[PDB]
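Just below is one structure, and these are the notes that go with it.
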Amino acid sequence: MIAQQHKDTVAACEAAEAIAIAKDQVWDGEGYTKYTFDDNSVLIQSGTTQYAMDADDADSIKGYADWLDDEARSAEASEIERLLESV
Amino acid sequence: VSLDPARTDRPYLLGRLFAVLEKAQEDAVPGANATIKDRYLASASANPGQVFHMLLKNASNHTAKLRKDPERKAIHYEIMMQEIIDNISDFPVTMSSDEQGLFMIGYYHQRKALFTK
Amino acid sequence: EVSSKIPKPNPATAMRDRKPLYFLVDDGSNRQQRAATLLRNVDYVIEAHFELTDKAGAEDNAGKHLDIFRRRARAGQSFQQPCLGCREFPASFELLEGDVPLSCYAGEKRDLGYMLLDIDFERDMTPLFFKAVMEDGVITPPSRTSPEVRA
Amino acid sequence: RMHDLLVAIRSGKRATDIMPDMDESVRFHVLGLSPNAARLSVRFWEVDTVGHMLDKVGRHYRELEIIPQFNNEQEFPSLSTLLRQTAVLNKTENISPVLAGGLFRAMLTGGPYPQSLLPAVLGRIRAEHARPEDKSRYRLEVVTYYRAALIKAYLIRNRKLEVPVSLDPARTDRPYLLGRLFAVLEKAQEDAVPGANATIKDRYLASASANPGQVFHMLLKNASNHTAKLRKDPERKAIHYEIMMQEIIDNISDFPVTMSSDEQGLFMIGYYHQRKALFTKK
Amino acid sequence: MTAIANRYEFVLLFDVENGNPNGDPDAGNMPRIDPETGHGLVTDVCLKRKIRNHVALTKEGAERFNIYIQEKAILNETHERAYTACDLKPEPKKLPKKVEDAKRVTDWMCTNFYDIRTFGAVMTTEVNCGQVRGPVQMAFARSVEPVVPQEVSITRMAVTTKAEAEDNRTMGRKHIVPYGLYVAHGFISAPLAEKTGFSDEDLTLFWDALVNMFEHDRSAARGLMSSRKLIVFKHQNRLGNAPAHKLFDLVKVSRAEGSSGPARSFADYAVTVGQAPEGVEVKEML
Amino acid sequence: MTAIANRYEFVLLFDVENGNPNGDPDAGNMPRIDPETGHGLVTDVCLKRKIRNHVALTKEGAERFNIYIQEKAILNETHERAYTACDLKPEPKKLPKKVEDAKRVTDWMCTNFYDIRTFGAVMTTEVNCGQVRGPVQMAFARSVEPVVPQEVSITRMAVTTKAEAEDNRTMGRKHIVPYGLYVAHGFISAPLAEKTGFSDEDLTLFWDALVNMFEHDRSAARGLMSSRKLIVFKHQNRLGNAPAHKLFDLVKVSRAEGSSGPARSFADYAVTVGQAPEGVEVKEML
Amino acid sequence: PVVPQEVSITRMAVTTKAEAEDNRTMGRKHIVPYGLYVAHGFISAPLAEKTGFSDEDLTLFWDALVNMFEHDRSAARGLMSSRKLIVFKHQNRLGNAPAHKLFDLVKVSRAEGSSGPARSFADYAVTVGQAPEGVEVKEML
């Protein structure tokens with residue numbers, strides 16, 4: 001997790017993209033960009049605000065749903081269900 | 001055929017001798033519940049030099065019981081025994097595992113031959 | 001296999017104090033297991049020629065280097081042992097004085113898709129590719145020095 | 001319908017015959033990905049045409065053909081099931097990924113099976129044994145239908161030997177004869193001692209296959225004991241088993257001191273064939 | 001229970017005349033023989049059963065001298081007795097979680113039953129009482145010379161249910177060893193005795209059982225079996241001060257001057273015992 | 001605890017007489033054999049277990065001489081003990097971050113446990129405690145001549161549960177080796193002993209355990225097992241002066257010319273030890 | 001070809017309390033009963049000239065090759081040792097004969113009296129042919 005070091009600063013984007021494995025994006029109501037790493041950890045950014053998520057803990061995935069906009073949550077219902085079975 | 005009367009290997013000859021003795025006992029005393037192979041196979045393969053002499057005594061008795069009847073095979077088995085023991089200088093005190101396997105091979109080879117009609 | 005390259009040290013500070021420089025292959029993330037799917041029992045014949053560069057000497061002539069290479073190949077001499085890509089795969093090489101032997105794919109025209117042609121070190125180590133088609137078991141790449149293949 | 005297609009392609013026919021819509025010239029792609037911690041690696045990749053790869057799969061299934069041991073077993077064994085039978089405890093994990101890569105590879109390319117295959121199944125036969133605790137009613141066979149099919153396929157492809165689909169009483173081949181002899185000895189044992197905890201298949205199969213000279217004497221003596229008991233008790237005519245031993249031992253001149261891996265495979269195939277042809281002879 | 005404080009090793013010599021010392025369950029009933037040399041064998045379990053029988057006969061089920069395996073009993077019932085005597089529930093297939101109770105049940109088993117205390121036992125069943133290794137161990141008995149088992153035919157002048165000749169309407173089989181002198185080795189371990197409680201009175205009773213082991217074992221097929229020599233090596237300390245194989249090599253058996261023909265009596269063999277090492281005392285009066 | 005300063009190689013010769021030196025979990029309980037040749041095998045793990053048992057017996061859990069792989073211990077609990085002794089909070093899967101703390105915990109485990117100090121251990125469990133290689137290693141033991149295991153069938157006069165099977169007694173069987181002489185090779189590494197603390201007193205105790213390994217391991221399946229010869233090669237420097245395979249070849253084992261038929265006692269074999277190189281010496285006094 | 005054997009082993013103690021609720025584990029251990037391995041290697045003098053690899057380094061390298069396994073003992077490797085080490089020393093700074101033709105001179109086969117699977121180095125007989133005129137041959141073992 002580097003989001004704690006750089007908080008909402010844009011340089012977090014630079015650091016993540018420098019160290020991150022394959023990046024994904026979402027175009028559903030509000031633009032979202034996903035930076036995924038090893039250790040099943042993903043960093044998600046939109047403007048300055050960002051949220052850190054862990055893919056092995058349910059609570060992190062629920063919070064990722066809560067941190068997203070409503071219309072995005074509907075499109076991510078499929079993806080969210082995928083991570084949630086990690087037990 | 002499969003039987004090789006020219007092998008002259010001591011385990012092979014001992015197996016053949018055991019087979020012919022069993023056949024002689026079977027002919028002389030029909031209806032017996034147990035044959036020689038059922039009784040003395042373990043002892044014969046363990047220490048041949050300690051039990052083959054008494055096996056030969058019993059075989060001689062069995063051949064004696066057969067020669068009396070006008071149907072005289074007895075003589076055939078006796079000649080077989082002459083030939084088989086001809087090639088043996090002395091009985092083995094013990095037989096190795098492979099030697100015991102060859103003993104069984106020779107016994108089964110000889111036994112089938114004596115079953116020919 | 002190992003995760004990362006060894007970093008450049010400054011020799012001067014190496015004994016401003018006793019500094020044990022080492023790399024621990026077995027320590028945590030340093031150990032990276034890499035699976036390789038590789039060829040077996042390969043056999044090739046390479047046709048190549050020469051070209052003089054800008055920094056060629058006033059007396060250097062293509063014939064001299066050609067004869068040097070031919071002599072080395074005939075005698076088996078080599079600057080370093082050639083390998084089939086990775087150093088742990090040594091190459092046994094000969095010079096074909098006679099005809100190229102018949103290929104296994106003599107009657108096939110197999111398309112291998114785009115594959116690396118070379119790396120252009122002048123244009124900042126930029127790779128350039130070509131569409132490789134194995135006609136009759138022989139591949140005819142375009143010259144890697146031509147201007148229409150380079151950007 | 002899938003069963004009909006498999007039967008047709010195994011026999012060497014064309015799939016178009018069973019149904020006409022296939023255009024066999026369309027080329028088919030198969031990709032296999034193997035994972036690790038966070039990145040996944042390509043394991044194999046084939047691009048042959050539908051017709052060609054269908055023919056290759058048919059040839060593979062033709063080579064795998066063996067008489068099923070029980071009526072409930074698949075006629076066309078699944079690749080996963082075959083691989084699972086080489087696993088340490090016959091479960092999906094413990095399957096060596098390299099063997100799997102060499103299957104679903106040698107299967108659809110027509111090339112030789114990986115040389116590691118035969119030692120794997122032989123080692124499983126060495127390590128496996130009767131498992132009545134499995135709650136399966138039948139005492140599990142050490143040389144199952146799937147392992148025998150794998151051995152037959154390996155021998156047919158990698159060694160070019162001739163292996164029948166069922167028992168061949170005219171084979172007169174020394175490893176095959178030894179396998180048949182082992183099968184008849186086992187039958188004699190389980191007839192003499194009903195409900196036995198373990199038979200010779202559990203312990204002496206490995207050494208008998210690998211080193212026939214050093215272990216067959218004791219097996220023959222034990223079978224003599226078994227038949228002797230079987231003769232006094234009911235089923236006095238033991239005589240059939242003795243006759244079978246005579247007919248098999250007749251074609252053998254010596255017990256080999258050692259046997260090669262392919263000879264061991266032939267031994268296992270012969271044992272499997274003889275065992276199946278002896279379940280309910282009498 | 002004051003366990004013994006010394007390590008022991010003993011050698012027992014016994015012979016059978018026209019008898020069957022121990023039949024082979026999987027080979028008819030022939031006497032056990034070495035399948036390569038023909039020497040006779042008597043399993044350790046046979047001698048242990050004879051000792052158990054002697055103890056039961058001479059103690060008549062006295063206190064602390066019961067026998068566990070006994071004769072056609074149900075062992076799980078004995079384990080249930082042990083659990084009840086310890087106020088525990090034997091419901092689980094496992095031992096009680098509290099190590100103290102798991103030790104208490106096994107201690108009760110060892111105290112009550114003599115053969116558990118002496119030879120040990122395995123009590124891991126539906127109702128579990130643990131394991132005991134057994135202070136006293138003895139290996140296979142092996143004849144000094146090869147034996148030739150003999151099958152003797154016998155008839156009966158009566159029929160069980162019905163015969164087919166209603167002629168040898170009944171033919172039987174008897175296996176006999178004309179003669180064989182067997183040698184049995186044994187070990188007694190002080191630490192295991194301390195674990196189970198094998199005391200000195202138990203050791204004396206064990207010596208008596210060894211000496212008079214066969215005097216009440218007579219049977220139709222046993223023939224005449226007798227105990228001839230019993231040499232006991234006693235070490236001066238708990239762990240012993242001499243290798244076992246060195247001690248057993250002191251007892252030597254040879255034909256002496258009666259080499260004429262097969263051996264047929266104990267007089268055809270001569271037994272001599274050498275001087276024991278410094279820390280070992282050899283008593284042969286038994 | 002100053003570590004040793006010399007490389008050692010040793011060869012151990014031990015017997016088995018009507019016993020089962022090491023069962024095979026895959027082939028019922030038959031003695032381990034090399035199926036392609038018939039030679040018997042005994043896993044180095046079994047010998048290490050016997051050494052551990054002897055150390056525990058002769059030291060009775062004295063300080064700095066506990067054994068880590070105990071009968072019923074839980075390894076995570078021992079690792080927790082180590083962490084408590086080092087005053088640390090254990091992360092589940094990871095060693096302490098501060099490398100000196102990890103070294104401290106591993107050193108504590110090595111110091112207070114003998115078998116960790118000698119044979120090493122793997123402790124990367126749900127409470128990680130590092131790894132140790134172990135200065136003392138030993139390979140499989142392989143019989144000089146092929147063995148001929150035989151099945152011994154036995155019976156019991158009792159039944160565990162409620163059953164009407166006995167109309168014949170409950171069955172069972174043992175597996176024994178009529179006789180087999182095994183050769184075990186082993187190595188001791190000074191460089192590893194330096195990291196682990198394997199001292200000279202530990203070496204003396206190890207030699208004693210090897211010599212008296214089997215004297216307290218008697219059981220109903222072992223028969224008579226004994227260690228016959230123990231040749232030790234001592235090098236004069238931390239790194240040896242000769243390849244090990246050269247040294248092991250100096251110990252030649254072959255059957256005595258005066259013996260014929262299957263081997264049945266150690267007297268059937270003659271063991272000769274050759275001349276060692278100049279940089280090595282042979283302690284053929286064990 | 002080698003035929004590795006699977007060896008089953010057990011352990012007295014269980015690692016976790018969860019599995020303690022019978023307290024034993026059945027591991028397995030793979031071994032090669034015997035196998036003789038041939039390793040090829042190449043040393044390039046021109047590359048050494050760019051690195052400083054000197055003759056004392058070469059002697060140390062030969063020593064390491066001879067004594068690689070004498071310090072690699074462990075529970076899994078069993079007994080491993082170096083048996084033969086043949087070195088072809090070329091006269092030229094470059095080579096003098098093809099490497100693949102030199103490696104062919106080292107022929108290793110089975111001894112006359114050996115049959116069945118190999119179980120010791122005595123089963124193998126190794127011979128080295130006559131090298132071309134431009135190269136030497138050494139036997140460090």
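Following the order of the structure tokens, first chain is A, next is B, and so on, with residues numbered from 1 inside each chain and ligands from 1 in the order they appear.
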Contacts between region 72-90 of chain E and region 126-235 of chain F, please, where a residue of region 126-235 of chain F counts if it comes within 12 Å (with only C-alpha atoms); show its shortest atom pair and distance in Å to one decimal, rows by chain and ascending number, as CSV.
residue,atom,partner,partner_atom,distance
F:156,CA,E:72,CA,9.0
F:157,CA,E:72,CA,5.5
F:158,CA,E:72,CA,4.6
F:159,CA,E:74,CA,5.4
F:160,CA,E:75,CA,4.9
F:161,CA,E:76,CA,5.9
F:162,CA,E:74,CA,6.9
F:163,CA,E:74,CA,9.0
F:164,CA,E:72,CA,10.8
F:165,CA,E:72,CA,11.1
F:166,CA,E:72,CA,8.2
F:167,CA,E:72,CA,11.5
F:168,CA,E:72,CA,11.0
F:169,CA,E:72,CA,8.9
F:170,CA,E:72,CA,10.0
Please produce an output containing N, CA and C atoms for each residue in the selection, written as a CSV table (one decimal), in the first residue's frame.
chain,number,residue,atom,x,y,z
F,156,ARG,N,-4.7,-64.5,17.0
F,156,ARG,CA,-5.0,-64.0,18.4
F,156,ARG,C,-6.3,-64.7,18.9
F,157,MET,N,-6.3,-65.0,20.2
F,157,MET,CA,-7.4,-65.7,20.8
F,157,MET,C,-8.4,-64.8,21.4
F,158,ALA,N,-8.5,-63.5,20.9
F,158,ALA,CA,-9.4,-62.5,21.4
F,158,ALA,C,-9.9,-61.7,20.2
F,159,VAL,N,-11.0,-61.0,20.4
F,159,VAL,CA,-11.6,-60.1,19.4
F,159,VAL,C,-11.9,-58.8,20.0
F,160,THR,N,-11.5,-57.7,19.2
F,160,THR,CA,-11.7,-56.4,19.8
F,160,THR,C,-13.1,-56.0,20.1
F,161,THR,N,-14.0,-56.1,19.1
F,161,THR,CA,-15.4,-55.6,19.2
F,161,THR,C,-16.3,-56.8,19.2
F,162,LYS,N,-17.6,-56.6,19.1
F,162,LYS,CA,-18.6,-57.6,19.1
F,162,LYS,C,-18.7,-58.2,17.7
F,163,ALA,N,-18.2,-59.4,17.5
F,163,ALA,CA,-18.2,-60.1,16.2
F,163,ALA,C,-18.4,-61.6,16.5
F,164,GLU,N,-19.0,-62.2,15.5
F,164,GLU,CA,-19.2,-63.7,15.5
F,164,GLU,C,-18.2,-64.4,14.6
F,165,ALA,N,-17.1,-63.8,14.2
F,165,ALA,CA,-16.2,-64.4,13.3
F,165,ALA,C,-15.6,-65.7,13.9
F,166,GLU,N,-15.2,-65.6,15.2
F,166,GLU,CA,-14.6,-66.8,15.9
F,166,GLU,C,-15.4,-67.1,17.1
F,167,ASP,N,-15.4,-69.0,12.4
F,167,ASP,CA,-15.2,-70.0,13.4
F,167,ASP,C,-13.7,-70.3,13.7
F,168,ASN,N,-12.9,-69.4,13.2
F,168,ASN,CA,-11.4,-69.5,13.3
F,168,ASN,C,-10.9,-68.2,14.0
F,169,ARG,N,-9.7,-68.4,14.6
F,169,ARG,CA,-9.2,-67.3,15.4
F,169,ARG,C,-8.9,-66.1,14.5
F,170,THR,N,-8.8,-64.9,15.2
F,170,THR,CA,-8.5,-63.7,14.5
F,170,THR,C,-7.1,-63.8,13.9
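Between chain F and chain E, which have the same sequence, the C-alpha root-mean-square deviation after superposition works out to 0.8 Å.
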request  = Going by DSSP on the backbone, which bits of region 5-205 of chain E are helix (DSSP H, G or I)? Write them as a VMD selection string, please.
outcome  = chain E and resid 44 to 59 75 to 85 99 to 112 114 to 119 190 to 196 200 to 205
request  = Identify every residue of chain D that has at least one atom within 10 Å of any atom of chain A, counting only C-alpha atoms, and report the result as a ChimeraX atom specification.
outcome  = /D:37-39
note = The distance between CA of residue 137 (chain G) and CA of residue 104 (chain G) is 13.2 Å
query = So what do you get for CA of residue 108 (chain F) versus CA of residue 193 (chain F), distance-wise?
reply = 14.9 Å
request  = Compile the contact shell of region 132-135 of chain C as a list in words: residues with an atom at most 6 Å away, counting only C-alpha atoms, same-chain residues fewer than 6 positions apart removed.
outcome  =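 My reading of the contact set: residues 109, 110, 111, 112, 113 and 114 of chain C.
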12 Å contacts from chain B to chain F using only C-alpha atoms, as an mmCIF file with N, CA, C and O atoms, in the first residue's frame:
data_model
loop_
_atom_site.group_PDB
_atom_site.id
_atom_site.type_symbol
_atom_site.label_atom_id
_atom_site.label_comp_id
_atom_site.auth_asym_id
_atom_site.auth_seq_id
_atom_site.Cartn_x
_atom_site.Cartn_y
_atom_site.Cartn_z
ATOM 1 N N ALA B 46 13.968 -76.150 0.545
ATOM 2 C CA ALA B 46 14.762 -75.543 1.608
ATOM 3 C C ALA B 46 16.135 -76.197 1.706
ATOM 4 O O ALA B 46 17.162 -75.544 1.496
ATOM 5 N N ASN B 47 16.171 -77.490 2.022
ATOM 6 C CA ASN B 47 17.414 -78.256 2.107
ATOM 7 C C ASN B 47 17.232 -79.553 1.331
ATOM 8 O O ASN B 47 16.862 -80.586 1.906
ATOM 9 N N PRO B 92 22.492 -80.462 -3.359
ATOM 10 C CA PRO B 92 22.862 -79.170 -2.774
ATOM 11 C C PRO B 92 22.352 -79.044 -1.349
ATOM 12 O O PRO B 92 21.199 -79.357 -1.051
ATOM 13 N N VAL B 93 23.229 -78.572 -0.462
ATOM 14 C CA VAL B 93 22.822 -78.365 0.923
ATOM 15 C C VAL B 93 21.774 -77.261 1.008
ATOM 16 O O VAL B 93 20.810 -77.361 1.775
ATOM 17 N N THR B 94 21.945 -76.195 0.229
ATOM 18 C CA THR B 94 20.972 -75.116 0.150
ATOM 19 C C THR B 94 20.906 -74.617 -1.285
ATOM 20 O O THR B 94 21.860 -74.749 -2.055
ATOM 21 N N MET B 95 19.764 -74.036 -1.637
ATOM 22 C CA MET B 95 19.521 -73.526 -2.978
ATOM 23 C C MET B 95 19.163 -72.048 -2.909
ATOM 24 O O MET B 95 18.314 -71.641 -2.111
ATOM 25 N N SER B 96 19.814 -71.251 -3.753
ATOM 26 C CA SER B 96 19.574 -69.818 -3.771
ATOM 27 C C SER B 96 18.200 -69.514 -4.365
ATOM 28 O O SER B 96 17.532 -70.378 -4.942
ATOM 29 N N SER B 97 17.778 -68.257 -4.219
ATOM 30 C CA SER B 97 16.441 -67.867 -4.656
ATOM 31 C C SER B 97 16.257 -68.101 -6.150
ATOM 32 O O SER B 97 15.265 -68.703 -6.579
ATOM 33 N N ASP B 98 17.202 -67.627 -6.964
ATOM 34 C CA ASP B 98 17.122 -67.888 -8.397
ATOM 35 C C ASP B 98 17.217 -69.379 -8.689
ATOM 36 O O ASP B 98 16.540 -69.881 -9.595
ATOM 37 N N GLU B 99 18.052 -70.098 -7.940
ATOM 38 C CA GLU B 99 18.130 -71.543 -8.111
ATOM 39 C C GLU B 99 16.804 -72.205 -7.768
ATOM 40 O O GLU B 99 16.389 -73.155 -8.437
#
request  = Quick one: everything within 8 Å of residue 276 (chain E), counting only C-alpha atoms, minus sequence neighbours fewer than 5 positions away in the same chain. Send it as a ChimeraX atom specification.
outcome  = /E:247,250,281-282
Deliver the residues from the most recent selection as a file, using N, CA and C atoms, as a PDB file, in the first residue's frame.
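Saved result, part_22.pdb, follows:
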ATOM      1  N   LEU E 247      26.848 -60.942  24.838  1.00  0.00           N
ATOM      2  CA  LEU E 247      26.439 -61.887  25.870  1.00  0.00           C
ATOM      3  C   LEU E 247      25.903 -63.176  25.261  1.00  0.00           C
ATOM      4  N   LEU E 250      28.197 -65.981  24.288  1.00  0.00           N
ATOM      5  CA  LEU E 250      28.845 -66.806  25.300  1.00  0.00           C
ATOM      6  C   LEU E 250      28.201 -68.182  25.395  1.00  0.00           C
ATOM      7  N   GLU E 281      26.644 -60.180  35.584  1.00  0.00           N
ATOM      8  CA  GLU E 281      26.615 -61.400  36.379  1.00  0.00           C
ATOM      9  C   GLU E 281      25.735 -62.423  35.677  1.00  0.00           C
ATOM     10  N   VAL E 282      26.279 -63.612  35.444  1.00  0.00           N
ATOM     11  CA  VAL E 282      25.568 -64.678  34.746  1.00  0.00           C
ATOM     12  C   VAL E 282      25.178 -65.745  35.756  1.00  0.00           C
TER      13      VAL E 282
END
Residue contacts of residue 100 (chain B) (12 Å, only C-alpha atoms) excluding same-chain residues fewer than 2 positions away, as a ChimeraX atom specification = /B:9-15,41-48,92,94-98,102-107 /D:213-221,254-255 /E:35-36
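If you measure from each of C:6, C:15, C:35, C:21 to chain D using only C-alpha atoms, the closest one turns out to be C:35.
One finds CA of residue 58 (chain D) at 26.6 Å from CA of residue 171 (chain D).
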task = Starting from chain D, keep only residues with some atom at most 9 Å from an atom of chain G, counting only C-alpha atoms, and report them as number ranges by chain.
result = D: 116, 119-120, 123-124, 126-127, 257-261
Given the selection you just returned, output its residues as a file containing N, CA, C and O atoms, formatted as a compact mmCIF listing (two decimals), in the first residue's frame.
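Below you can see result_7.txt, which holds the result:
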# COMPACT_ATOMS: atom_id res chain seq x y z
N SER D 116 8.55 -39.65 -19.06
CA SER D 116 8.27 -39.74 -17.64
C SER D 116 6.97 -40.47 -17.33
O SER D 116 6.74 -40.83 -16.18
N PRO D 119 7.30 -44.54 -16.00
CA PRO D 119 7.76 -44.66 -14.61
C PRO D 119 6.75 -44.12 -13.61
O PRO D 119 6.67 -44.64 -12.50
N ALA D 120 5.97 -43.10 -13.98
CA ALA D 120 4.98 -42.56 -13.05
C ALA D 120 3.92 -43.61 -12.71
O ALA D 120 3.64 -43.86 -11.53
N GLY D 123 5.41 -46.46 -10.71
CA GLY D 123 5.60 -46.09 -9.32
C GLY D 123 4.30 -46.05 -8.55
O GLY D 123 4.25 -46.42 -7.37
N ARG D 124 3.23 -45.59 -9.20
CA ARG D 124 1.93 -45.62 -8.54
C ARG D 124 1.50 -47.05 -8.24
O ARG D 124 0.97 -47.34 -7.16
N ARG D 126 3.52 -49.46 -7.70
CA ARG D 126 4.37 -49.87 -6.58
C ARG D 126 3.81 -49.38 -5.26
O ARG D 126 3.79 -50.12 -4.27
N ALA D 127 3.36 -48.13 -5.21
CA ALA D 127 2.96 -47.50 -3.96
C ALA D 127 1.51 -47.79 -3.59
O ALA D 127 1.19 -47.83 -2.39
N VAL D 257 16.62 -62.22 -14.47
CA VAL D 257 17.14 -61.59 -13.26
C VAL D 257 16.58 -60.18 -13.13
O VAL D 257 16.29 -59.71 -12.02
N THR D 258 16.42 -59.47 -14.25
CA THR D 258 15.89 -58.12 -14.25
C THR D 258 15.11 -57.90 -15.54
O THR D 258 15.29 -58.62 -16.52
N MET D 259 14.25 -56.89 -15.51
CA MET D 259 13.44 -56.52 -16.67
C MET D 259 13.47 -55.01 -16.85
O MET D 259 13.58 -54.25 -15.88
N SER D 260 13.37 -54.59 -18.10
CA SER D 260 13.39 -53.17 -18.44
C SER D 260 12.03 -52.54 -18.18
O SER D 260 11.03 -53.22 -17.93
N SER D 261 11.99 -51.21 -18.24
CA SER D 261 10.75 -50.50 -17.92
C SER D 261 9.62 -50.89 -18.86
O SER D 261 8.49 -51.13 -18.42
